[PDB]
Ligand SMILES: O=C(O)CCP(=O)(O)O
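First comes one chain, alone, set out as C-alpha cells in the form deposited without this ligand.
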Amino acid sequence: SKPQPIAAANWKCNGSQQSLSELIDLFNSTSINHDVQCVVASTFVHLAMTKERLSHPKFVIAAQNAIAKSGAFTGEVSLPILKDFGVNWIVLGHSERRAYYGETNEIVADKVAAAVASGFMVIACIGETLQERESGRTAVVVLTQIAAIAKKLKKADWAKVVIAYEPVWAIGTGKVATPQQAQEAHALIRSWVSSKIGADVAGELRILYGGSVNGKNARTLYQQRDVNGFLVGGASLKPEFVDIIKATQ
C-alpha cells in the first residue's frame, strides 16, 4: 500500500511549438486507467500553448521554477505571476539549478515555503553528488536537504508537498543506479519524515525517483516499496513517457 503515484515529465530547457504539440497529441490520446497524477513541466514560454492543448483529464501543468515575489528581478518569473496564470504545480530545487544557479538548501526551502503558502502543489527535489556519496555522506546531505525544507513547514503543509530523490552521483558521472540503491535513498527519506513530522504524513508522502528512467526499467523501479512514481527528463520528450505512466499501475 502506497499513495497516488505521480508521473512527472520535466521537459527541461527544450522544445518547439511543433514537436511539443505533437507530443501533447500523443499524450491526450493515451488511455490511462488507473489513479495516477500526470504532470507536464514545460519551459515558461511554452506554458500557454501547453495549457490550451493538454486536454487529458489525468494531466496538469507545472512550471520548472519560480521566485517567491514579484518585483525588480529581470528575467525571472514569480509565484503570483504563475498563480494569476492558472498554474498550480511547480518544480523547485532541481539539481541543475542547485549546481549552476546558486540554489542553496536555504533558497530552496524559502521557495518551497513560499509556494506552499500561495497554494501550489510542489515537487521538491533533493539528492547527493558522487563526491558526497563516495565520501560516506549520503545521509547527512539528504537529511539536511529535507530538514532545511521542513523547518519552514507546518504539519498541514505536507499535503502540498512531493519529494523527488535525484541520484546526482549517477547523473552524467558514468555510474549506474540500481533499483536497490534508489529504494534505500527513498526509505531513508521516509524514515526521517516518519520520525520527525509523523507516521501519517510519511505514509501519504510521495517520493518520486528522479534518476534515469526509461520505458524498460520504470516498472522494476516502481516495484520498490518506497517508489511513488518518477520525475522524468530525457524520456519525457519521447513517446516512451507513455510506458512510464503505465509502469505506475
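The term rigid core refers to the maximal set of C-alpha atoms that superpose within 1.5 Å between the two forms. Residues carry their position along the shown sequence, with the first being 1. Shifts are known only where both forms have a C-alpha.
Higher average CA B factor in the deposited record is what I'm after, so tell me if that's 62 to 70 or 192 to 200. For C-alpha atoms only, the mean B-factor is higher in 192 to 200.
Do the C-alpha atoms of 140 to 148 or of 98 to 106 have the higher average B factor in the entry? So the stretch with the higher mean C-alpha B-factor is 98 to 106.
Per the entry's Cα B factor values, which of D157, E76, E134, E166 stands out as the maximum? The listed residue with the largest C-alpha B-factor is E134.
By the entry's C-alpha temperature factors, tell me which of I126, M121, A177, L82 sits highest. By C-alpha B-factor in the record, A177 ranks first.
Cα B factor band for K216 (lowest, middle or highest third within the chain): Tercile = highest for this residue's CA B-factor.
According to the PDB entry, is the CA B factor of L20 in the bottom, middle or top third of its chain, that is, lowest, middle or highest? CA B-factor rank for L20: highest third.
Taking the entry's C-alpha B-factors for this chain, is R53 in the lowest, middle or highest third? Highest third - that is where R53 ends up once the chain's C-alpha B-factors are sorted.
Assigned third (lowest, middle, highest) for the C-alpha B factor of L205: Lowest third.
Among the modelled residues of this chain, does the Cα B factor of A113 put it in the lowest, middle or highest third? As the PDB entry reports it, the C-alpha B-factor of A113 lands in the middle third of its chain.
Although not depicted, the form deposited with this ligand bound is the subject of the following passage.
Quick one: of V77, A170, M121, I107, which gets a non-hydrogen atom within 4.5 angstroms of this ligand in the deposited complex? Checked against the cut-off, the match is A170.
Work out which of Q183, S212, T30, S194 lies within 4.5 Å of this ligand in the deposited complex, going by heavy atoms. Of the candidates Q183, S212, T30, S194, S212 is the one lying within 4.5 Å of this ligand in the deposited complex.
Tell me, yes or no, whether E166 is in contact with this ligand in the deposited complex, where a contact means a heavy atom of each within 4.5 Å. So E166 counts as contacting this ligand.
I'd like to check something about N10: if you look in the deposited complex, is any of its heavy atoms closer than or equal to 4.5 Å to a heavy atom of this ligand? Close contact exists here: in the deposited complex, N10 approaches this ligand to within 4.5 Å, heavy atoms only.
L231 within 4.5 Å of this ligand in the deposited complex, heavy atoms: So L231 counts as contacting this ligand.
Of the listed stretches (204 to 212, 22 to 30, 186 to 194, 53 to 61), which one has a non-hydrogen atom within 4.5 Å of this ligand in the deposited complex? Checking each option against the 4.5 Å cut-off leaves 204 to 212.
Scan 74 to 96 and note down the residues that get a heavy atom within 4.5 Å of this ligand in the deposited complex; none is a fine answer too. Stretch hits: a single one, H94.
After the core is superposed, which of these residues, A99, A159, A147, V176, moves its CA 2 Å or more between the shown form and the other one? Of all the options, the C-alpha that shifts by at least 2 Å belongs to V176.
Taking only residues present in both forms and a 2 angstroms threshold on CA movement, what segments of three or more in a row shift between the shown form and the other one once the core is aligned? Shifted segment: only 169 to 176.
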